[PDB]
């Protein structure tokens, strides 16, 4: 259940990789881990290629993530949002806060490589 997380920096770009399902039981541990890893004027990539589903509570984690990156003057890219997930974020209107692509490769060009 818990989300297996991996966190690193390569050239001032923080890469948080997530594996699992943003449950409502599993959401808190990921939030606890991700928010402290945002950098001011910071560039982050959140790789969601192996996240299978978000419920309301997992989407709240992204928005949470987005609001403090927004306020930290930082830049965040989502990598590999599942079709299903995007379609669910498009309905609510949350999708339009975010920058997103399908590859780690394109994601680094967006932030400066």
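Positions refer to the first chain, counted from 1.
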So 32-40 or 46-54, which one's hotter by mean CA B-factor in the entry?
32-40
Which third of the chain does residue 92 land in by C-alpha B-factor: lowest, middle or highest?
highest
Within this chain, which third does the Cα B-factor at residue 17 fall in: lowest, middle or highest?
lowest
What third of its chain, lowest, middle or highest, does the C-alpha temperature factor of residue 5 fall into?
middle
